[PDB]
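What the coordinates show
The lines below spell out each chain.
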Amino acid sequence: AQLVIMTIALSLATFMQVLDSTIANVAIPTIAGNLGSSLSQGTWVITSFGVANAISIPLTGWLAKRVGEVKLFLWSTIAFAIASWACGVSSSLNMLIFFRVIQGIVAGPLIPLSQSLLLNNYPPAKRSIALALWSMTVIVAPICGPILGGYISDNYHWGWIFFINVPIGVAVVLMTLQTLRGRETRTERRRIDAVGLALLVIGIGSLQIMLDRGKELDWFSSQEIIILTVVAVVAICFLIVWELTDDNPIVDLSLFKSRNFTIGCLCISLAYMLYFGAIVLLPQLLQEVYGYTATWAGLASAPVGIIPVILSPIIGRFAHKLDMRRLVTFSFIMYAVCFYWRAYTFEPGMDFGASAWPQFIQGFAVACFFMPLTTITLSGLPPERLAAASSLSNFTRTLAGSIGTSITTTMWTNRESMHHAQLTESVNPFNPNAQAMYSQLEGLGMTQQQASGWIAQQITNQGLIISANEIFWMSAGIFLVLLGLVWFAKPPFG
Amino acid sequence: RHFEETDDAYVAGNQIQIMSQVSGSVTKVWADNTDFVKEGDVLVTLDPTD
Amino acid sequence: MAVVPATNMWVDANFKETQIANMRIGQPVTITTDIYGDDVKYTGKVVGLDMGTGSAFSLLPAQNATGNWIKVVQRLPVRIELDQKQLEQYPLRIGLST
Amino acid sequence: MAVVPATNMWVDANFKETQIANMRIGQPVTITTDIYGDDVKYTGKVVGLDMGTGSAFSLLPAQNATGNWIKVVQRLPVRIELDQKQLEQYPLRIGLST
Amino acid sequence: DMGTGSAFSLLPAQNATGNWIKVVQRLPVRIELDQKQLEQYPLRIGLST
Amino acid sequence: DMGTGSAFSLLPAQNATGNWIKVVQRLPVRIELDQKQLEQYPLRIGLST
Amino acid sequence: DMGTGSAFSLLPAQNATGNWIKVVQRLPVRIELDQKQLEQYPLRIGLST
Amino acid sequence: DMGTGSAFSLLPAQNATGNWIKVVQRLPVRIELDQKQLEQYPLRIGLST
């Protein structure tokens with residue numbers, strides 16, 4: 001059948017972007033080293049893509065209304081394949097940044113355009129099934145990425161991270177051409193608004209730069225961050241004022257007039273903020289405070305996909321007899337349970353299993369959060385506008401993810417510093433079981449200064465674990481309050 | 001308010017690390033953990049050969 | 001080895017700098033423990049406050065040199081003396097929370 | 001080198017401070033070890049309770065330092081004694097869990 | 001051996017952050033080797049097997 | 001003072017390690033308090049101002 | 001060299017800790033560099049190659 | 001200098017571990033200054049440049 005092949009193709013189209021997003025952050029250390037640059041210098045390889053993608057995502061609908069959805073999809077896929085190949089064969093950090101910028105600008109129309117095509121092409125008899133299948137690919141790729149990324153980083157020369165996308169793009173283009181022939185989309189020509197584009201570019205770029213660079217510059221203690229935040233806020237304010245008054249919609253804000261859309265967008269954005277701000281810490285915690293490797297660290301998040309890979313069809317099959325709101329509430333409760341589980345069970349000598357059961361539990365929470373909330377988000381809208389709504393949803397979700405990461409990292413480091421301060425106090429003279437430690441250390445031949453450094457390192461590790469567990473507790477508590485918001489949405493679902 | 005509270009309290013006491021005034025080798029040990037010993041009681045004994 | 005007399009025990013209460021003010025010597029105190037729960041109370045008095053915050057005599061930097069500086073509210077210990085007629089019937093042990 | 005006798009051995013319990021209010025010297029106790037499963041039940045007796053929890057004898061004592069969002073409960077090791085007739089039949093080793 | 005790995009550690013496992021979770025313990029066993037075969041295929045200290 | 005806190009710390013900072021992130025430095029400065037008002041309002045060592 | 005880096009270290013890595021995960025082991029190997037060419041291109045201690 | 005910093009460090013660097021990752025090394029260089037300029041704008045140990 002053509003439907004199944006099309007489903008596979010669009011799943012791959014939305015899978016490649018997530019794979020590329022997740023793999024680079026894992027591979028950044030070795031890539032930075034091989035090109036004679038530092039971690040701060042190399043981390044620009046991620047901020048550039050972030051800014052480019054952030055700009056590209058909101059603009060999907062404008063190009064959709066003119067170029068044509070199918071043509072845009074095909075052209076974007078081929079261009080992304082070419083850009084990934086170019087990045088893979090780079091030979092300098094600057095050239096890598098350039099090609100990453102191009103790739104990010106190109107890749108914007110993948111996820112929302114793919115979702116819109118899948119939603120429209122499938123007959124309404126199986127809309128729920130199509131949406132259920134789509135949510136899987138966004139829930140499995142983030143874990144399918146880091147394992148392979150680590151294996152490639154530690155075994156073969158980098159560049160094969162950006163080569164795997166070439167065959168995926170080739171298969172996607174071949175299948176899309178062979179399956180979507182004749183299912184064209186109506187187009188329309190309209191005037192171009194310049195102020196809207198300029199304002200969007202400036203504001204969103206400034207916001208992304210501020211979020212991605214705030215940490216190293218100690219946020220508001222650097223004038224650069226201050227000017228960036230000022231320009232960002234001013235640009236966003238003026239743009240928002242303008243768009244509601246603009247005749248030609250560079251961004252279609254009329255969708256916010258629907259109560260369901262507002263509530264769904266807010267809920268998904270905030271829940272995603274919490275999720276993505278939480279999961280980011282675990283890899284770093286394992287690699288730095290426990291000695292894990294990248295491949296082992298990624299392997300600790302495998303048990304999340306065990307549950308969704310099963311329940312996703314079952315939820316899709318039975319969607320006819322469920323009040324989706326109750327699924328969202330259950331998922332929020334399940335996310336609180338998992339984070340409280342992590343909070344009261346992390347210990348310096350915890351085995352691999354101590355950080356694998358909680359993700360097995362989180363599988364349920366992730367499984368029943370994307371499909372229902374996205375079904376509510378796009379409820380009752382006409383078939384033609386599904387593209388713009390998807391673009392808005394994705395833009396908000398990505399913003400939430402970036403914000404969550406930015407807040408969580410700073411909280412982690414600062415609370416680690418506080419705990420370090422509160423701990424190093426006990427290490428003084430006038431204290432038994434403190435000179436004994438020095439005696440045992442000097443027994444092994446360490447100097448006095450080396451022993452002091454070793455004690456300081458141990459205090460640092462303990463502080464990181466305590467600070468990391470303080471963040472999980474806060475996240476779960478915050479979840480407990482976000483529970484009830486999903487009930488404000490009316491039931492026109494369909 | 002008229003009161004001040006804190007949960008950062010911990011009971012405290014005295015402790016003495018028994019140490020010998022001379023060097024030598026041990027031949028007896030008169031007490032183990034959780035044993036009541038009175039002042040002036042022998043706790044350890046050494047070889048008196050040297 | 002060690003010998004731990006079980007007769008004269010006190011409590012070290014760590015208060016923030018915000019609370020240290022308004023505390024004088026001899027003021028009444030009430031201490032409740034966790035092993036005995038709320039079924040038993042203790043009476044005591046302030047003996048005095050310490051002329052140091054613990055970080056005074058530390059042998060290591062309070063924070064790392066590489067990292068930035070973050071403000072942390074300090075704590076200052078206070079000596080509190082318990083009544084000895086309650087210990088003999090409801091004895092304590094070193095390091096219990098209260 | 002270290003010589004380790006295999007004749008007399010005991011067990012350190014590490015109970016929570018919130019569950020030692022009712023223990024006494026000589027109360028019976030039963031122990032099952034994870035090396036012999038659930039089919040070899042030892043029997044013992046409570047020799048006594050220690051003074052100093054577990055934080056009091058450590059360089060980095062976990063405590064309810066001001067600013068902590070999660071409260072903590074201390075533990076206090078208590079000492080058990082094993083019947084040697086059983087022990088000789090099923091030898092144990094130091095560090096095994098029960 | 002007459003003790004697990006943690007019992008006979010070099011430095012004490014530093015005091016946990018306030019949580020404690022049960023984990024399985026491991027006990028060393030001393031396995032001899034046939035010398036006549038080492039000379040054909042030598043080993044070195046620290047190789048996994 | 002004639003040196004930064006990091007330079008004259010009880011534990012030196014090692015800047016030639018590749019994993020180096022720039023951070024603004026700090027220099028201690030000594031301030032002389034008046035003793036007449038100290039009697040009225042005593043201060044302890046370690047308090048913050 | 002007759003011994004892995006994990007062993008032969010200041011603190012020999014302690015297995016049997018109940019939180020053990022397998023990682024590859026690396027054994028140092030010594031290489032003599034032509035001395036007639038060092039004089040034309042001097043090297044330093046700790047330079048990666 | 002004759003060492004890349006990581007070689008000459010308080011705590012020796014361990015590279016035969018298994019969790020090793022490649023990072024750029026750094027090599028200190030000695031720079032002189034004109035003393036007359038320092039006469040009117042003095043410096044202190046640890047100031048960045």
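Residues numbered from 1 in each chain as written, not as in the entry; some residues may be left out. Chains lettered and ligands numbered in written order. Part of a larger assembly, values for the part shown. Heavy atoms only, no water.

Judging from the entry metadata, cryo-EM is the method by which this structure was determined, and 3.11 Å is the reported resolution.

**Brief notes about the overall build of chain B**
Put simply, the rule is: Helix and strand labels come from DSSP, where a helix needs a run of H or I of at least four residues and a strand needs a run of E of at least two; each type is numbered from the N terminus. The reference for a compact globule is 2.2 Å times residues^0.38; the radius of gyration itself is calculated from the C-alpha atoms. To sort residues, take the accessible area from a 1.4 Å probe on protein chains only and compare it with the maximum for the residue type: under 20% means buried, over 50% means exposed, and anything in between is partly exposed. Using a 1.4 Å probe, the Shrake-Rupley method yields the accessible areas, and only the shown protein chains count as cover for residues.
Within chain B, the secondary structure is distributed over 0 helices and 4 strands. Rg of the C-alpha trace for chain B: 20 Å, well past the compact-globule value of 10 Å for 50 residues, more than 25% over. Projected onto the principal axes, the alpha-carbon positions of chain B cover approximately 70 × 20 × 15 Å. The proportion of buried residues among the 50 residues of chain B is 14%. Accessible surface computed for chain B: about 4,400 Å², of which carbon and sulfur atoms make up 50%.

**Looking at the side chain of A:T7**
Residue and element names in this part refer to chain A. Applicable threshold: Contacts: residue pairs with any heavy atoms within 4.5 Å of one another.
With respect to the element layout, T7 can be found in helix α1 (residues 2-34). Assessed through its relative accessible area of 9%, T7 is described here as buried. With residues up to four places along the chain from it excluded, the contact list for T7 reads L118 and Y122.

**Section: the interface of chain C and chain B**
Spelled out, the test is: Accessible area that two parts lose when put together, with a 1.4 Å probe and added across both, is what the buried area reports. Put simply, a salt bridge is a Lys or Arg side-chain nitrogen that is within 4 Å of an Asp or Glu carboxyl oxygen. What qualifies as a polar contact is a pair of N or O atoms within 3.5 Å, subject to a donor-acceptor requirement within protein and to the restriction that residues adjacent in sequence count only when both atoms come from side chains. Any residue outside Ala, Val, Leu, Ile, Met, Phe, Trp, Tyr, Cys, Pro, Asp, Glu, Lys and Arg is labelled polar, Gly included; the first ten of those are nonpolar and the last four are charged. At least two DSSP bridges between two strands are needed for those strands to be called paired.
At the interface, 21 residues of chain C touch 18 residues of chain B. Summing both sides of the interface, chain C and chain B together bury roughly 2,000 Å²; the carbon and sulfur share of this comes to 59%. For the chain C face of the interface with chain B, the top three residues by lost area are C:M1, C:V3 and C:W10, together amounting to 32%. Along the contact surface separating chain C from chain B lie 1 salt bridge. Close ionic contact of B:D8 with C:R75 constitutes a salt bridge, the shortest N to O distance being 3.7 Å. Scanning the region where chain C abuts chain B turns up 10 residue pairs in polar contact. Breaking the side of chain C that touches chain B down by element, the ones donating at least two residues are β1 (2-3) and β2 (10-16) of chain C. Element by element, the count of residues in the side of chain C that touches chain B is highest for β2(C), at 6 residues. Residues that form the side of chain C that touches chain B fall into these classes: 13 nonpolar, 5 polar and 3 charged. Two elements, strand β1 (residues 10-12) of chain B and β2(C), share 3 bridges in a ladder whose sense is antiparallel. Of the residues in β2(C), the one forming a bridge with B:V11 is C:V11.

**Looking at the arrangement of the chains**
If you rank the 15 pairs of chains in contact by how many contacts each has, first place goes to chains B and C. For the non-touching pair chain F and chain G, the nearest C-alpha separation works out to 11 Å. One finds no contact between chain E and chain H; the C-alpha atoms of the two approach each other to within 11 Å at their closest.

**Comments concerning the sheet that holds strand β5 (residues 75-82) of chain C**
Applicable threshold: Under this scheme, a helix contributes an axis fitted over its contacting stretch, all axes are lines through C-alpha atoms, and angles between N-to-C directions fall in the 0 to 180 degree range.
Taken in spatial order, the 5 strands make up an open sheet running β1(B)-β2(C)-β5(C)-β4(C)-β3(C), and their pairing is antiparallel. The sheet is open, and its two edges are formed by β1 of chain B together with β3 (28-31) of chain C, each paired on a single side. Adjacent strand axes in the sheet meet at a mean angle of 45°, parallel and antiparallel pairs treated alike. As judged from the 7 bridges shared by β2(C) and β5(C), these two strands associate in the antiparallel manner. Its bridge partner being in β5(C), C:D12 is matched across the sheet by C:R79.

**Things to note about the packing of helix α18 (residues 386-424) of chain A against helix α20 (residues 448-482) of chain A**
All names here are of chain A. Let me state the cut-off plainly: With respect to orientation, any angle under 35 degrees is reported as roughly parallel, any angle over 145 as roughly antiparallel, any angle of 65 to 115 as roughly perpendicular, and every other angle as oblique. Crossings are assigned a handedness: left-handed for a near helix turned anticlockwise from the far helix by less than a right angle, right-handed for a clockwise turn.
In contact at an axis separation of 7 Å, α18 and α20 are set at 130° when each is read in the N-to-C sense. Taken as axis vectors, α18 and α20 run oblique relative to one another. The two elements α18 and α20 meet at a crossing, and its hand is right-handed. In contact with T408, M411, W412, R415, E416, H419, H420, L423 and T424 of α18, α20 contributes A456, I459, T460, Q462, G463, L464, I466, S467, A468, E470, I471 and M474.

**Some words on the interface of chain A and chain D**
Taken together, the contact pairs 19 residues of chain A with 12 residues of chain D. It is A:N433, A:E470 and A:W473 that lose the most area in chain A upon contact with chain D, and together they represent 36% of the buried surface on that side. Counting the contacts that link chain A with chain D gives 4 residue pairs in polar contact. Broken down by secondary-structure element, the contributors of at least two residues to the side of chain A that touches chain D are α18 and α20 of chain A. If one sorts the elements of the side of chain A that touches chain D by residue count, α20(A) sits on top with 7 residues. Looking at side-chain class alone, the side of chain A that touches chain D contains 11 nonpolar, 6 polar and 2 charged residues.

**Some points on the packing of helix α12 (residues 259-279) of chain A against helix α13 (residues 281-289) of chain A**
Residue and element names in this part refer to chain A. Contact pair α12 / α13: the axes reach a minimum separation of 4 Å and the direction vectors enclose 10°. One finds that α12 runs roughly parallel with respect to α13. Residues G277, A278 and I279 of α12 touch α13, and the partners they reach there are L281, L282 and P283. When the residues that make up the contact of α12 with α13 are grouped by side-chain class, the tally is 5 nonpolar, 1 polar and no charged.

**Here's the deal with unusual backbone geometry**
One non-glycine residue, A:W219, lies in the positive phi region at around 45°. Structurally, the position occupied by A:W219 is in the loop between α10 (194-213) and α11 (223-243). Unusually for a residue other than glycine, G:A16 sits at a positive phi of about 60°. By secondary structure assignment, the location of G:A16 is in the segment before α1 (35-38).

**Considerations on the packing of aromatic side chains**
What counts here: Here the aromatic set is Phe, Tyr and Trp, taking the six-membered ring for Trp, and pairing holds for ring centres within 6.5 Å; pairs whose planes are under 30 degrees apart are stacked, those over 60 apart are edge-to-face, and all others are tilted. A ring is scored as having a charge over it whenever the NZ atom of a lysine or the CZ atom of an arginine sits within 6 Å of its centre and within 35 degrees of its normal.
Overall, the coordinates contain 22 aromatic pairs over all chains when judged by the stated rule. Taking the centre distance of 3.8 Å and the plane angle of 25° together, the rings of A:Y275 and A:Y335 count as stacked. With a gap of 60 residues between them, A:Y275 in helix α12 and A:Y335 in helix α16 (residues 324-343) connect regions that are remote in the sequence. Take A:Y335: its relative accessible area is 2%, and that puts it in the buried class. Measuring from ring centre to ring centre gives 6.0 Å for A:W357 and A:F360, while their planes differ by 90°; the resulting arrangement is edge-to-face. Here the residue A:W357 and the residue A:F360 both occupy positions in helix α17 (residues 357-377), the gap between them amounting to 3 residues, near one helical turn. Sitting above the plane of the C:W10 ring, C:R79 keeps its charged end 4.5 Å from the centroid.

**Quick look at the environment of A:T30**
Along the polypeptide, A:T30 turns up in helix α1. In this structure the C-alpha to C-alpha distance between A:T30 and A:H157, which are 127 residues apart in sequence, comes to 9.2 Å.

**Some points on the pattern of salt bridges**
All names here are of chain A. All told, the structure shown has 10 salt bridges over all chains when counted by the stated rule. Taking the shortest distance from any N to any O, the salt bridge between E188 and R186 comes out at 2.7 Å. Residue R186 is classed as exposed on the basis of its relative accessible area of 64%. Three or more residues are tied together by salt bridges with common partners; here these are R186, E188 and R190.

**Quick word on α16(A)**
Worth spelling out the cut-off: Here a helix's expected span is defined as the number of its residues, less one, multiplied by 1.5 Å.
Taking 1.5 Å of rise per residue, the 20 residues of α16(A) would be expected to cover 28 Å, and the 29 Å separating its terminal C-alpha atoms lies within 8% of that figure. Across the 20 residues that make up α16(A), a large majority, 14, are buried.

**Describing helix α19 (residues 435-443) of chain A**
Residue and element names in this part refer to chain A. Operational definition: The directions considered for the arc are those from the helix axis to the C-beta atoms.
Residues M437, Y438 and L441 constitute the buried set of α19. Angularly, the buried residues of α19 cover 100° about the axis, an arc narrow enough to put them on a single face. Its buried side turned inward, α19 meets α20. Backbone geometry just downstream of α19 places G445 in the positive-phi region, at approximately 100°.

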